Amino acid sequence: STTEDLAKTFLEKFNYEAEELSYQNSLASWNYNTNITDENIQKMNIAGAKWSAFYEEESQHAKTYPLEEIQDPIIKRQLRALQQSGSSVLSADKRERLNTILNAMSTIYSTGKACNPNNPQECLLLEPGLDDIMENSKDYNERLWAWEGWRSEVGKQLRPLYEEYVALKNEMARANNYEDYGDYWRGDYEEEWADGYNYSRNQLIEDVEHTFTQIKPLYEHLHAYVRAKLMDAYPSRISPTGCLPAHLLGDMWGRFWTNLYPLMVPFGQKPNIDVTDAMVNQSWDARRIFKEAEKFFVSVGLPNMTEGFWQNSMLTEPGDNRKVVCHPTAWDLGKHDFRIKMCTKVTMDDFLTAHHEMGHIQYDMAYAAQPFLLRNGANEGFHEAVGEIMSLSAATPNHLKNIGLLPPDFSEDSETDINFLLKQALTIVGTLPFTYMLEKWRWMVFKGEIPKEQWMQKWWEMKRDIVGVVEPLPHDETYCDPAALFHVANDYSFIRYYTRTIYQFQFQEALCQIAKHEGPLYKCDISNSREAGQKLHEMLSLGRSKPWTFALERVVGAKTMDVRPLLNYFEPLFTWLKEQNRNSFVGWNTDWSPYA
Amino acid sequence: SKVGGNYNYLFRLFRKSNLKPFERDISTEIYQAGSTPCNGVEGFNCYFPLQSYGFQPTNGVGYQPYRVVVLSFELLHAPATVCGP
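So the sequence lines, in the order shown, correspond to chains D and C.
Position in the first sequence (first residue = 1) + 18 = the entry's author numbering.
Position in the second sequence (first residue = 1) + 442 = the entry's author numbering.
Pasting the structure below:
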C-alpha cells in the first residue's frame, strides 16, 4: 500500500475511535456541569488525560507517515486533520519557564482577592464589590477605591515574574515553532495556502482604517452617551472636545462599553422594550413562542423538541447547591444528541436566543451528515451574527401580529426607539479599538520588532491623539501593559470578534441584498412568507463540501463591509438626531501623557 | 439501550476482493500489505480485523438501533410452503 493507503486504513479506524472517545468525554463534561464533587473533578481530569494520551500517540504515529507522494485533495484534507501533531520534546527548564509562568498567573488569578487602601475593613474579592459597583453603584470614592485598590493590590503580586515574562513573551512567541504568536492568536485563521481566494491581514487592517472613515460617528455618539451618563453622575470635571481624565473609568480594562449604560439622556424619554411586567400581564405563552419558532421555520420546514430533549437539554443555571459557573456554553453531546449548556431563562434571551439554541440543534442536524472533520458549526461567527439577526428580527411586533397577538397600527416613541438604536450601535461598532491597539503591539513584539525600551512612551503617545485610549496612573516601563489580563493568559483571542464582524457585515450586505431590502439591514424578516422562506433559509443552509473560502462566498456573497444599510441608518438617525439632539461631533484619540 | 451501554456488535475492515451473494469468509490472520512481510508485529499495517459498535442508552434519532428481519423467498419450480385462510 502507498503511504496514503496505509494512512487511509488507519483513518478508517481512528474515525470510529475518535467518535467513541469524543462522546465519552462529552458525557464527562455533562457530569462536569450537571453535578460537582471532588470525585467528579478527578474523573473529568483522568478522562481528559486519557483522550489526550490517545491523541498524542496518534500524533507520534502521524509524524511517521510521509506526505510527499500524496496526490489527493479531499483525502489530503482529512489526512492533514489526522496529521496535526507536536509538542512532546521540550526540556524541563524552558518548558517550566513558559508553561509554569502561564499556569502560575492562571492559578493566582483564580485564587486572588483584594482589599481597601483607606478603609480596609470592608474589603472583598474581585466579584462582589467591584461588579456590584459597575452594575448598581454610582459613588465616586466607591469607583475610585475599586480601581486603585485593585491595581495597587494585584499588580504588586503579578508584576516581577511578568517582567521576566515580558522577556519570556518575546522568546516563546518567537520560538514556538510557528511564524509568530501575534498571528497565532490570529493562528486558527493564519494562512499560508493557495487556490484563488487570497484575502488576509493586509486587507484586514486597511478596511479597519476605511471602517473608521465611514462608520465611526455612531460609535462617537454612543461613547458620548455612556461616558456622559458617568460624567453627569459626577458632574463638573471636563472640557468637551478633548478626552477625559480617568479616575472615573467605570470598569477594569474596557472590555465592553456596555458597562456604562443608563442615565445620560440626549436619547432620553423611556428605555427599550422591556417585557417583564408585559409577560406578567398578558403572557404570550412561551410554549407558543417555541411553536412560532417552529412555525417561522415551518414556512421553511423545521421540527420541534422531544421528550429526551426536555429531559437532557438544560438551558438555565442549576441554581441548586451545585457549585457551577453560569457561563453559557453552546454544546452538543454528539451522536445526534445535540444538547445545550446555557444560562437561559424566560426572557428575550429565551425567545430570540433560544430560537438560536433550538437552531443550534437544527443547524447541527443541518450538518449532521458531515464527515469526521466537519461536525461543528461552519463558523462560531455565524452563530453570533445570526443571533443578532434573530434577536433584532424576531423581537418584532410585526411578527407578534403575524401570529396574531398585537394590532398592526403600532406607533412608537421617538426618543425611546432612539435609545434602542443607541445601544445596538454601541455594541456593533464599539467592539474593536483598544484591542486593536494591544494587538498591534503584540503582533510586532511577538515578531520581535519593538525593542525593550519604547513600550510605555509608545502607549501614552498612543493614548491621547491618534485613535483613542484612556488610563489614569502611569504604567512605567517596569509594568507589563503589553500583557496584564487573565484572558490573555487564557488564549481567548478577542479580535476574532471583529474579524467575523466585518465578514458577517458584508455577508449581511450580500444576503439581505438578495433578500432585497428597501433600505437598511433590519426588518429582513421571514415569517409566513414561503418564497422569502426558501430564499433565505435554504440560502443559509448549505454545508461544508468545499474549502472555507468557497463555502463562505457561495453562501453569503462578498468579502468586504457594509456602508449602504449603516448609511441608511446614519442619514435617518442623522435627521432624527437633529430633531432631538442636533449637536453631534467627531473625534478619536491615542497620543497622551495625562496624569504626569 | 441500557444505561451503561452495549459494546457487542462488530464488523469487517479489510479484504482483497469483492464477495458473491450468500458468501462468507472467516480468515482472521494479521492483515499485511507491506512488501516487507509481517512477522506478527502489531502496527505497520497489521491490525485486528473486527471493530466494535459502542452503543449507549441516549443515542440520537439517527443512531438509535433498529432490529432488521428479512423474510426472503426463492421463486422457482420448487415445492411450495405458503398457505392462507
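Backbone N, C-alpha and C define an ideal beta-carbon position, used for all residues, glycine too.
Which class does residue i belong to by DSSP, given the choice of helix, strand or coil?
| i | result |
| --- | --- |
| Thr20/D | coil |
| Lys359/D | strand |
| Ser47/D | helix |
| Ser494/C | strand |
| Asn136/D | coil |
| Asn330/D | helix |
| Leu281/D | coil |
| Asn121/D | helix |
| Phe453/C | strand |
| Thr478/C | coil |
| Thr347/D | strand |
| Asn508/D | coil |
| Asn216/D | coil |
| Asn322/D | coil |
| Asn448/C | strand |
| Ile379/D | helix |
| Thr259/D | coil |
| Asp90/D | coil |
For residue i versus residue j, is the C-beta spacing smaller than 8 Å?
| i | j | result |
| --- | --- | --- |
| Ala412/D | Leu439/D | no |
| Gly575/D | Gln522/D | no |
| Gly537/D | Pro583/D | yes |
| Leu100/D | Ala80/D | yes |
| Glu433/D | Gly205/D | no |
| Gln300/D | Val581/D | no |
| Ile88/D | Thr21/D | yes |
| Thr365/D | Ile484/D | no |
| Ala304/D | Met376/D | no |
Residues in the same chain with beta-carbon distance under 6 Å from residue i, minus the five sequence neighbours each way, listed in chain order, please.
| i | result |
| --- | --- |
| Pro415/D | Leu424, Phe428 |
| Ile513/D | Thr453, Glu457 |
| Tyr515/D | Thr449 |
| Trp566/D | none |
| residue 615/D | Outside the shown range of chain D, which is 19 to 614, sits residue 615/D, and nothing can be said about it. |
Just to confirm my understanding: we take residue i, look at its own chain, exclude 5 residues before and 5 after, and list those with CB closer than 8 Å. What are they?
| i | result |
| --- | --- |
| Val172/D | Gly130, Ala132 |
| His493/D | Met474, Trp477, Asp499 |
| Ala550/D | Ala533, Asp543, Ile544 |
| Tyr449/C | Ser494, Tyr495, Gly496, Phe497 |
| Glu571/D | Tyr215, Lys577 |
| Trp302/D | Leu418, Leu423 |
At a CB-CB cut-off below 7 Å, which residues of chain D make contact with residue i?
| i | result |
| --- | --- |
| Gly502/C | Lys353, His354, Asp355 |
| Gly496/C | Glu38 |
| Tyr505/C | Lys353, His354 |
State buried or exposed for residue i, treating a residue as buried only when at least 16 other CB atoms are found within 10 Å of its CB.
| i | result |
| --- | --- |
| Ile407/D | buried |
| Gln60/D | exposed |
| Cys525/C | exposed |
| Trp610/D | buried |
| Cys261/D | buried |
| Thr229/D | buried |
| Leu85/D | exposed |
| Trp328/D | exposed |
| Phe456/C | exposed |
| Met123/D | buried |
| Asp350/D | buried |
| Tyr381/D | buried |
| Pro258/D | exposed |
| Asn501/C | buried |
| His345/D | exposed |
| residue 16/D | Nothing in the structure corresponds to residue 16/D, since chain D is present only between 19 and 614. |
| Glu484/C | exposed |
| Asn51/D | buried |
| residue 12/D | The shown model of chain D, from 19 to 614, leaves out residue 12/D, and the question about it has no answer. |
| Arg548/D | exposed |
| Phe464/D | buried |
I want to verify the contact list: residues of chain D whose CB lies under 8 Å from the CB of residue i, in sequence order.
| i | result |
| --- | --- |
| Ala520/C | Those within 8 Å of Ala520/C in chain D number zero; the least Cβ separation is about 41 Å. |
Using a Cβ cut-off of 8 Å, pull out every chain C residue sitting near residue i, in sequence order please.
| i | result |
| --- | --- |
| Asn420/D | Neighbours of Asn420/D on chain C: none; closest Cβ ~31 Å, over 8 Å. |
| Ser19/D | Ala475, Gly476, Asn487 |
| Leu333/D | Within chain C, no residue comes near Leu333/D; the closest Cβ sits about 18 Å away, beyond 8 Å. |
| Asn58/D | What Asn58/D touches in chain C: nothing, since even the nearest Cβ is about 18 Å away. |
| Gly326/D | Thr500 |
Please list the partners that residue i has in chain C, where partner means a Cβ-to-Cβ separation under 9 Å.
| i | result |
| --- | --- |
| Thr27/D | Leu455, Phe456, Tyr473, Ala475, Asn487, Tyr489 |
Name, please, each residue of chain C whose Cβ falls closer than 7 Å to the Cβ of residue i.
| i | result |
| --- | --- |
| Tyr34/D | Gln493 |
I'd like the list of long-range same chain contacts for residue i, defined as Cβ closer than 7 Å, with 5 residues on each side in sequence excluded.
| i | result |
| --- | --- |
| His354/D | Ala386 |
| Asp269/D | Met152, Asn277 |
| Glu489/D | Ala264, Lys481 |
| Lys156/D | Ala251 |
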